[PDB]
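> Build me a model:
(chains A, B, C and D)
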Amino acid sequence: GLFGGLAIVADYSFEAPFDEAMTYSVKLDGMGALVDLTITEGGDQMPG
Amino acid sequence: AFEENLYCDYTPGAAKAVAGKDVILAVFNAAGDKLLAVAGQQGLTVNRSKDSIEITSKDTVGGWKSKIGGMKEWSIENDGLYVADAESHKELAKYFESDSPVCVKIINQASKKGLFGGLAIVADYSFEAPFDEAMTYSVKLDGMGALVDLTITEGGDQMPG
Amino acid sequence: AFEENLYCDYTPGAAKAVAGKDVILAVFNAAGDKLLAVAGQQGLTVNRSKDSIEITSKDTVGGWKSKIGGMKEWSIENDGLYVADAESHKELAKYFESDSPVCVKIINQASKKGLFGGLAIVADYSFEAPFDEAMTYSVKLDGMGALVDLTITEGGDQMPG
Amino acid sequence: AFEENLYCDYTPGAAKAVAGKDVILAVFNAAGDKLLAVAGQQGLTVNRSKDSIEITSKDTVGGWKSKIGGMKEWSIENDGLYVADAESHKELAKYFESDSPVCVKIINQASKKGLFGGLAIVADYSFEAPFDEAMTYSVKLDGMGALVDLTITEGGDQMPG
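Numbering: from 1, shown residues only, chains lettered A, B, ... in the order given. Now the structure:
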């Protein structure tokens, strides 16, 4: 793991041109602190 | 499509891609009985943003700012080829002139599932006519309230016809 | 074969060459139950390429830039004689008309071994009819994904029937 | 063709080759009542191509990029001897001047079968006059839309005259 934290979904937008595939873009602002997992133990749980 | 799908994995598990041309924007006419897809669509943008307000104070510990979520907005931008005789364009012009809310819906033609639905106002309706290209329209509608997300809500699968 | 093979040797250790006429391209039909060899092929080309990403930095020493591997893709180009009544050509036309990703494979008729196989789209399908020779057809297919190499993979040896 | 045809096989199984003599390009006149072939044809090419959309992301695995089919387009190139007094060339010139779409088709005049047909625009109409040989012409037609395939669809077997 590299980073972790608690965020709010500030932006969640979509695009769909007629030449390409439908795309999404999400932007999350920080709630409080972001823990940098590269300089601490733990936080190595892979998705699944 | 055989040899036990040794190389050509024909098994469908997920679309994992949606063509842009399959997602369209439609509006409800003045009576609302008919759904009309605006003619000559070539682009579509759906914006959904939420404001964040800072609640930092002297008792905040950790050296990181504190924020919380707030209000939400949504707006839709569409554009493409413009033909004045199209029924959908006439409906859009009537909505713009009469200053009335318009019911809009973003749907997926291929998957036969609706995506988003809302009530908006025609904020912008502009046209451009370059001499070496085709005349084009661009419309922008910002919603006057909630935008129901039909992906996580059952129903809302009606389509133009 | 004898005189202790003093002048001519007959020991099979390898072939040292594979005649191009012995290797052809085959396509699975719409249901994929049959494998059809394309009619009247004359030339075949299989292209496989992998992108390279440059990672040179100020920490790099020795005076040589540093590169790493990246994404890889593949395509197949096949040309030959064209007959409109061939079953393989009819299936290719049906595939081209209606999207319909195609499961193709390169195999060796003489060695009875399959070489490559995978899914692809019919990107190009063109014809030429000069007045001094017979009609020629050309087809170009780009891979949707992995192209399984049957030379180093066990299995994949079904032949057209 | 007897003694069990031990050396002379006359059984017709397939043409296996179509000479360029039998393949011609024909166009419909302004009224469309009479279809006529282009005078002095010498060479013909038909190009049909499909776009590929890359959909590679961080979710794909195996080291191969992912692509899907896209749009379609087609064109026809035809070169040969120019006879300015020919009715076919007069019709082509009228179409080029009046910028009206032209209906064209490809005919296998020997097998009495049609191959392709559709609407097109005359993008190029050029003539070269070397002092050694005859003065020639070249025409390029771009498709306005669908180029239907007569080899897999019934009908489309009308002939010039």
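> From now on I want contacts and neighbour counts done on CA atoms only, so please keep to that.
OK.
> Next, residue A:27: secondary structure please.
strand (DSSP: H, G, I helix; E, B strand; the rest coil).
> The residue nearest to it when sequence neighbours are not counted bridge partners, please.
Nearest residue to residue A:27, sequence neighbours excluded (CA to CA, 6 or more residues apart in numbering or on different chains): residue A:11, at 4.8 Å. Beta-bridge pairing for residue A:11 (DSSP bridges): residue A:27, residue B:49.
> Would you check that residue A:23 makes contact with residue B:17?
No. Look at residue A:23 against residue B:17 with CA atoms under 8 Å: they stay out of range, at 9.1 Å.
> right, and residue A:18 touches residue B:40 too?
No. Counting by CA under 8 Å, residue B:40 is not a contact partner of residue A:18; they are 10.8 Å apart.
> Neighbour count: the two, which is higher?
residue A:18 (18 against 15; other CA atoms under 10 Å in any protein chain shown).
> Contact partners for that one?
B:19-21, B:42-43 (CA atoms under 8 Å, 6 or more residues apart in numbering or on different chains).
> Of all residues in chain A, which one is closest to chain D?
Distances between chain A and chain D by CA to the nearest CA are smallest at residue A:20, namely 6.5 Å.
> where does that residue fall, phi/psi-wise?
As for residue A:20, its main-chain torsions (degrees, to the nearest 10) stand at phi -130, psi -170.
> need the contact list for the residue nearest to residue A:27.
Counted by CA under 8 Å, 6+ apart, residue A:11 has contacts A:25-28, B:47-50.
> Let's see that with 6 Å instead.
Going by CA atoms under 6 Å, 6 or more residues apart in numbering or on different chains, residue A:11 touches A:26-27, B:48-49.
> Residue A:1 now?
A:37, A:43-44.
> Mind doing that once more with 7 Å?
By CA atoms under 7 Å, 6 or more residues apart in numbering or on different chains, the contact list for residue A:1 reads A:37-38, A:43-44.
> out of those residues, which one sits closest to chain C?
Nearest member of the contacts of residue A:1 to chain C, counting by CA to the nearest CA, is residue A:38, at 21.7 Å.
> Looking at chain A, what residue ends up closest to chain C?
Closest point on chain A to chain C, by CA to the nearest CA, is residue A:21, at 15.0 Å.
> Find the centremost residue of chain A, please.
By CA atoms, centre = their mean, chain A has its centre lying nearest to residue A:28, at 6.7 Å.
> Touching, it and residue A:12? I think so.
No. Between residue A:28 and residue A:12 there is no contact under CA atoms under 7 Å: 8.8 Å.
> hang on, the earlier thing: could you work out the most separated pair of the contacts of residue A:1?
A:38 and A:44 (10.1 Å; CA to CA).
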